2 protein chains.
Amino acid sequence: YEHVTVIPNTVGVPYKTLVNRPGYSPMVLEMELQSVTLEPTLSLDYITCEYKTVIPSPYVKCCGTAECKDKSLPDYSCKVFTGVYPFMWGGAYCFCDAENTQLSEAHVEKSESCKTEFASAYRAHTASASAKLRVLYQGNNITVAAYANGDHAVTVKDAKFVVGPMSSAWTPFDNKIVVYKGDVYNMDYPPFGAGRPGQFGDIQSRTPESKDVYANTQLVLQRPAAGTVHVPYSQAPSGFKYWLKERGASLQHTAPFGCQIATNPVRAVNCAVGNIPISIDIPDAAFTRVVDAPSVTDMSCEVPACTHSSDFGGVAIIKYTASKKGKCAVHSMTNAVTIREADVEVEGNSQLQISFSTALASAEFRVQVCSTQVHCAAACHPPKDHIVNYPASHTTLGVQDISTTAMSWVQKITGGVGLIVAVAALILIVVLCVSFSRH
Amino acid sequence: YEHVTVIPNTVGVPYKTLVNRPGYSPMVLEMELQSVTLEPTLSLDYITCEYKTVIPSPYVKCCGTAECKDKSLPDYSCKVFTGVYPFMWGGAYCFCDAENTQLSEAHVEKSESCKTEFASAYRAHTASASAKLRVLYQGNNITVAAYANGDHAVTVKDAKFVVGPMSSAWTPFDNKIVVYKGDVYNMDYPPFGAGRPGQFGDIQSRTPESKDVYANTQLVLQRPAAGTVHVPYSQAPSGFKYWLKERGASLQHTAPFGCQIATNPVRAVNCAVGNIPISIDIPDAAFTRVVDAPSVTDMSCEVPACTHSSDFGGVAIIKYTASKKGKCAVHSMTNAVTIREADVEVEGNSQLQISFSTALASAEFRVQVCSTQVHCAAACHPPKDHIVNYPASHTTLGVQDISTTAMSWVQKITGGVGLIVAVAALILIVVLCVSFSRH
Ligand SMILES: *[C@@H]1O[C@H](CO)[C@@H](O)[C@H](O)[C@H]1NC(C)=O
Ligand SMILES: *[C@@H]1O[C@H](CO)[C@@H](O)[C@H](O)[C@H]1NC(C)=O
Ligand SMILES: *[C@@H]1O[C@H](CO)[C@@H](O)[C@H](O)[C@H]1NC(C)=O
Ligand SMILES: *[C@@H]1O[C@H](CO)[C@@H](O)[C@H](O)[C@H]1NC(C)=O
């Protein structure tokens, strides 16, 4: 037997559904959603880290001319200076006091620490979805897990379950994301091979194990100070450290709809969007014939209390006469009132007690117990507590939900006004006809 | 200095573009596209292979009653038969002649061969693209390779190249594909856990190394024959072998646009759709000043032959006087005529020879040689060969492209008819004016 239902995407709230098959007693199922997860598909682009500067010992040539050649190393620079006269701790180094030169050079390499301290950029694509459910079936709790689409099915206790697809494709991730030790940021990083001297992306490589490194820092050699041997230079500071000090709030704290974020692997969970259809296949052996179930012949209802708070603040007592001992199901016949208890045991001549919640200021509803129905009514009072720590268990109201006292006042005024118009209209009709016929 | 061009997505055809910078001599570049590759993103769903049936020795209990219990193994079946009287080579087995029973059972397992002979299903997502180019630059051939989007650049001989994005998103793959040893098919395979007894997907698993196996075959035990010991059964044949004998043609033979396919990894090659923009950055050192290049003062043109075939069927001779020896670039000033030669050498007083192709029945064009212009004209004859083995090297013609003889005939006929109308109008006007004034 095929049954189809729809459940809204709310975590931590039970829902009930009624199964009705001709010739058999009705059955009621209860379901609760525990978790929903989305998972995107990623592709790596490049990584960044710190740089190192390498400077060899200088070469000083006095009373001769020095020169140097070009090299293929990254950010290579070479310059020759004239007029030097270096000193050491023991006196002047060379005999010649004029026509001296000095040669200096430097280049840039990748830091050893990049194996541990680094950041990576990813390109994002369409995400998948999965869900986990609890089902109350034949008085026992069972669990299922499945992908949230139509291409998967599971079987538990000879019942088949299919879930999905989801009604919405909203995703909290952009096309370009950056991940660093548990944080995810939305950032439009610069193209590969087009970096900047003082921002994110000054050093680029494809993978931590590669040898090919790109750099776009500035490096200029300067004239040495008189009497000292050293190699001064000017260079722009590393951009990676600058980012760490100003990167700001992470995606976890700013995302809408209450989503939570994880990074290993990247995930987003419990996003409160849309609804999820469900389909169940129930085997024939689960049903009991109407000739075997007990019958109930007489009912009455009273309601001693009602407060329309967010919780189960209502109680009702129903009297019954049963023909024999057995089990019976209970279900509400309205949408504005929910009943907590799923079933009862009936015997002889006695009474049963149930609890309910509702938002109505004046409540009227019907309750069905083993194929018969009873009418209940009561008035409800407001609560006193301004703020609570949990969501409500009931649906919202519409324009039709009005107190019976207010409805009476509306009818009286509208009727009265209509009567004045109706009488005046009749007078005009009579006068016109008399004039017509007299002429 | 930036230069932006567009080249159509056709493999094996050269194209030329003109770079013109005030103060410097013009430069001509030539480019050719060698290959384009598309690569989709895949995820694995399930695999299929062959099945095995396991049957242990039967147990026979004569003049006693056998029984058996249920087990959790896939497709487990158990039955008891009465009234057996087995024989063996040496005589009847048991002393009792009546009240004998036999117990039989079987179950289904996964074949050992599944490690080598199997098929896999994938879900497809948005593909990436890459390209390989040849460039003629500074008189030498260089090559580049890049991703076909705006997020990548390369540097060769101090020139920067950016290629892409593509103008079209057409992809030859569907959402669901199946791959088997080099063949790719589009197939809507059944969902997991919902197979059929005689079709593709009767046995399913998640990965070749899994222990969890699903099967939906039929297996029924039958009564044994009199006087023998055996275990007959009825079972549906394997669906996997049926597919292999009936799978039909693969995408490589049926796909549109002439696309080629490879499977390791899955790729589509040389699909002829759309066009590709390109941007180049040329350094200043490559340019030569107009004061240093030679000048040409006198030009003439003679064209001894032209046949407008698909190949280069035209020849022209140009006369020149040059101020000094040097290099010179040539370029066509029209769209309907393409010139094969990119550069010439000029010295003294001499002549040069060029070749061209066009579809025009009557050709007229200008040629630029070192910043001067020469005018050429000719009539062309048709070819005699019906079919060739290569695409044309020239553009198509429009409605305005008409031979000079036909144009003269059209003008004469239209002019004559128009003159007759003009005269008749004048006569009518004068007569009407006379009547107006006289009345
Ligand atoms: C731990 O160290 C390994 C290398 O030894 C590195 O790959 C990894 O990112 C480190 N993890 C953390 C949390 O620092
Ligand atoms: C298990 O079922 C019982 C009813 O017999 C119910 O009270 C309980 O909440 C269920 N367990 C969970 C975790 O919901
Ligand atoms: C070769 O055999 C291995 C297993 O031994 C299998 O995984 C692979 O697909 C085979 N390749 C071909 C081309 O048959
Ligand atoms: C390579 O350059 C030469 C000129 O030096 C040219 O003739 C040749 O056609 C080029 N190669 C290709 C494949 O076009």
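Basis of the calculations
- Residues numbered from 1 in each chain as written, not as in the entry; some residues may be left out.
- Chains lettered and ligands numbered in written order.
- Part of a larger assembly, values for the part shown.
- Heavy atoms only, no water.
- Disulfide = S-S within 2.5 Å.
- Helix = DSSP H or I, 4+ residues; strand = E, 2+ residues; numbered from the N terminus.
- Buried < 20%, exposed > 50% of the residue type's maximum accessible area, 1.4 Å probe, protein only.
- Salt bridge = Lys/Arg side-chain N within 4 Å of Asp/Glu carboxyl O.
- Near = heavy atom within 4 Å.
- Polar contact = N/O pair within 3.5 Å; in protein donor to acceptor, adjacent residues only side chain to side chain.
- Areas by Shrake-Rupley, 256 points an atom, 1.4 Å probe, with all protein chains shown as cover.
- Pairing = 2+ DSSP bridges.
- Axes fitted to C-alpha atoms, helices over the stretch in contact; angles between N-to-C directions.
- UniProt positions renumbered as here; feature names shortened; annotations may be inferred.

As recorded in the entry header, the structure was determined using cryo-EM to a resolution of 3.13 Å.

1. Some thoughts on the state of the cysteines
Residue and element names in this part refer to chain B. Applying the stated rule across the entire model yields 16 disulfides over all chains. Through a disulfide, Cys49 is tied to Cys114; the S-S separation comes to 2.0 Å. With the S-S dihedral at roughly 75°, the linkage between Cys49 and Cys114 falls on the right-handed side. Placement of the pair is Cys49 in the loop between strand 3 (27–48) and strand 4 (51–54) and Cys114 in the loop between strand 9 (101–110) and strand 10 (119–137), with a sequence separation of 65 residues. Across the pair, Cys114 and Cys49 agree in class, each one buried. With a sulfur-sulfur separation of 2.0 Å, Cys306 is cross-linked through a disulfide to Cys380. Handedness of the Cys306-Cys380 disulfide follows from its S-S torsion of about 115°: it is right-handed. Residue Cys306 is located in strand 23 (residues 296–306), and its partner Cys380 is located in the loop between strand 30 (372–379) and helix 3 (404–438); the two are separated by 74 residues in the primary sequence. Judged by relative accessible area, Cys306 falls into the buried class, the value being 9%. Looking at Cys380, the relative accessible area reads 12%, which means it is buried.

2. Description of the pattern of salt bridges
In this structure the tally under the stated criterion is 30 salt bridges over all chains. Where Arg340 of chain A meets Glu341 of chain A, a salt bridge forms, and the shortest distance between an N and an O atom there is 3.7 Å. You can call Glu341 of chain A partly exposed: its relative accessible area is 23%. Taken together, the salt bridges that share partners define one network made up of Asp151 of chain A together with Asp45, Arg123, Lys176, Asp188 and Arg206 of chain B.

3. Focus: the site of ligand 4
All names here are of chain B. In the region of ligand 4, the neighbouring residues are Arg134, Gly139 and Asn141. Within the side chain of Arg134, an N or O atom sits 2.9 Å from an oxygen atom of ligand 4. Calculation on ligand 4 without its partners gives an accessible area of 350 Å², and the protein chains cover 32% of this total.

4. A word on the sheet that holds strand 30 of chain B
Residues and elements named next belong to chain B. Strand order in the open sheet formed by 4 strands is 27-25-29-30, and the pairing between neighbours is antiparallel. A single partner strand is all that each edge strand has here, and the edge strands are strand 27 (343–346) and strand 30. Neighbouring strand axes in the sheet, compared pairwise and without regard to direction, differ in orientation by 30° on average. Relative to strand 27, strand 25 (residues 326–332) runs antiparallel, the two being bridged by 4 bridges.

5. Some remarks on the UniProt feature "disulfide bond" in chain A
All names here are of chain A. For the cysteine pair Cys62 and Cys94, annotated in UniProt as disulfide-linked, the sulfur atoms lie 2.0 Å apart, within bonding distance in this model. Remark: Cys94 occurs in the loop between strand 8 (91–92) and strand 9 (101–110) and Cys62 occurs in the loop between strand 5 (59–61) and strand 6 (77–82); sequence separation between them is 32 residues. Each member of the pair, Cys62 together with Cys94, is buried. In this model the UniProt disulfide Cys301-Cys376 is closed, its S-S distance of 2.0 Å falling under 2.5 Å. With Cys301 in strand 23 (residues 296–306) and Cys376 in strand 30 (residues 372–379), this pair connects stretches of sequence that are 75 residues apart. Residue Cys301 is classed as partly exposed on the basis of its relative accessible area of 23%.

6. Observations regarding the sheet that holds strand 13 (residues 159–163) of chain B
Strands in a sheet are paired, the pairing made by backbone hydrogen bonds, and the direction either parallel or antiparallel. Residue and element names in this part refer to chain B. Read from one edge to the other, the open sheet built from 4 strands follows the order 1-22-13-12, with strand pairing classed as antiparallel. In the strand order of this sheet, the two ends are held by strand 1 (2–8) and strand 12 (154–156), each with one partner. Each neighbouring strand pair of the sheet contributes to a mean axis angle of 25°, computed without reference to strand direction. Taken together, the 4 bridges between strand 13 and strand 22 (residues 275–281) define a ladder with antiparallel strand orientation. Looking at strand 22, one finds that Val163 is bridged to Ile278.

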